[PDB]
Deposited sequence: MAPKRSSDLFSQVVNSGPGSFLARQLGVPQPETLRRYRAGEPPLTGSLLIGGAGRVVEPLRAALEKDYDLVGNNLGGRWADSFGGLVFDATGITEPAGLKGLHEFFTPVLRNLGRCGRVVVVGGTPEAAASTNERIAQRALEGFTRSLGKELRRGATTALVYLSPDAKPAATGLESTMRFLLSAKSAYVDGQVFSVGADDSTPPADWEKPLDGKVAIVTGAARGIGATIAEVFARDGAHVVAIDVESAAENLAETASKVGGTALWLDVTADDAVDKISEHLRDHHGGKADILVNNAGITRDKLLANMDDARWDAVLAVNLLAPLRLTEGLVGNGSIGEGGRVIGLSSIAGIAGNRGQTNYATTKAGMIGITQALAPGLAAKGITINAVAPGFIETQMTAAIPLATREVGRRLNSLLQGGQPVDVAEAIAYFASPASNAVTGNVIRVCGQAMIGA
């Protein structure tokens, strides 16, 4: 951070990321509050975590108890004595009940207001710690097994660059993978744009988690794509995702390798043809739409519709901060990454009726060749303009993706998560 003096800004924390074997948090886990979530959670987490009743690894506050605004007082009461003591890369997570689904307008106003609290707290925490807010459906059984994959993601190192965000967990029950640390056992994952960078790193994480990977990219990038299929011990496939036959070409490679079925499609492939709209041509527009919006929509509709992905399936789409906030010279790109959010939202119910979830991740600043292509100052500032005071890592994106792919993340659909370090930019 070579402009720490120029911007009045702290040296970054080295963010603890996932390592197999290591405990998930670096301290004890406090689970406070009141409502329908504290008891069952204390219960589901007994074994794998380190429950009170030194340094706090995690702090979970149960807000579902809070039925009027006068009760918000709780957040204060619970958090004020314990922040003094949160560890390196701590994890604060507040849990509430889906505000639209509340039993009174009064309840709704308090549960809604939670985000103000969490997004603000995210701005006060030190040494790499983060905040998250999760809403659970008031029609979830009290065991609340549907909430588990999410708590486990946040209450760990994998969520290392996921800060200040809001999770939205449905009503369905969930079933834990035999092994949480190999959650993707014998799953077939399709990952587009997997030659290098974020796509490639998705494949890795997927493989690490148990999946067999179909690495898709174009002929231009074989060698780099070969090196990837190899490393995850999966299978390469040369394909332009915008071409008539693409759906046919994936289905068949599946038929020849995986019994014609898949569990996970990751729409990662993408291009950028930046230019101001006053200077934008038809070609710089169209190309970006084809790859970035038209294709992922086609592959989802294609592969679900032809039965390649069925029950228990998972689609994760690659969005962007640009699609939420906008960006100079990216009206194409940001239409497409906003459309991606639209695919996620538009298809969630339909796919829900088919036992399939669909979610998007919207990366912020990630070290890739592409951030590396930006004038160093503009680049250095961008990298540093977040609560976590640093650029994100391609692993951090893939993690959030892998959390969506989880067989126990079945109750989580239509969600949009930024992997952004709590970047300041937003809508």
Which parts of the deposited sequence have no C-alpha atoms in the model?
1-19, 73-80
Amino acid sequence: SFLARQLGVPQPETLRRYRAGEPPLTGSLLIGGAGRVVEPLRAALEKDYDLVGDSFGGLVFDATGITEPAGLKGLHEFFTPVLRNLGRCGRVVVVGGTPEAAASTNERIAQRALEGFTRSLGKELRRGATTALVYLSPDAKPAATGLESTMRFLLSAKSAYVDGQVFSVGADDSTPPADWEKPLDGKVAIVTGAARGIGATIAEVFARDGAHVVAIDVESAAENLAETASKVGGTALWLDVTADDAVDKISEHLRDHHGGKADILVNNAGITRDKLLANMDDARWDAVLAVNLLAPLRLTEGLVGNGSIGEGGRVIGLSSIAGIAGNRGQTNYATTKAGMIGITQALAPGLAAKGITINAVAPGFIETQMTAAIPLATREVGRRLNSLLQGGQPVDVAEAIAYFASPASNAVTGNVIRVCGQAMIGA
From here on, numbers count along this sequence of modelled residues.
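What we label the rigid core is the largest C-alpha set whose atoms superpose within 1.5 Å from one form to the other.
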Stretch departing more from the displayed form, 222-230 or 149-157, Cα RMS in 4 other deposited structures of this protein (core fit):
222-230
Root mean square C-alpha distance from this form after a core fit in 4 other deposited structures of this protein: higher for 85-93 or for 264-272?
264-272
Is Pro69 without coordinates in at least a third of the other compared PDB entries of this protein that model the residues flanking it?
no
At least a third of other PDB entries omit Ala377:
yes
Should the higher mean CA B-factor in the entry be assigned to 102-110 or to 237-245?
237-245
Higher average CA B factor in the deposited record is what I'm after, so tell me if that's 181-189 or 115-123.
181-189
Residue of maximum C-alpha B factor among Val397, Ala360, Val381, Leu51, per deposited coordinates:
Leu51
Top Cα B factor in the deposited entry, candidates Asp263, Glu301, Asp163, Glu77
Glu77
Could you look up the Cα B-factor of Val93 in the entry and say which third of the chain it sits in: lowest, middle or highest?
middle
Lowest, middle or highest third: where is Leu15 by C-alpha B factor in its chain?
middle
Comparing against every modelled residue in the chain, figure out the third that the C-alpha B-factor of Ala229 lands in (lowest, middle or highest).
highest
For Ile321, the third of its chain into which the C-alpha B factor falls:
lowest
Compare the C-alpha B factor of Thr371 with those of the other modelled residues in its chain, then answer lowest, middle or highest third.
middle
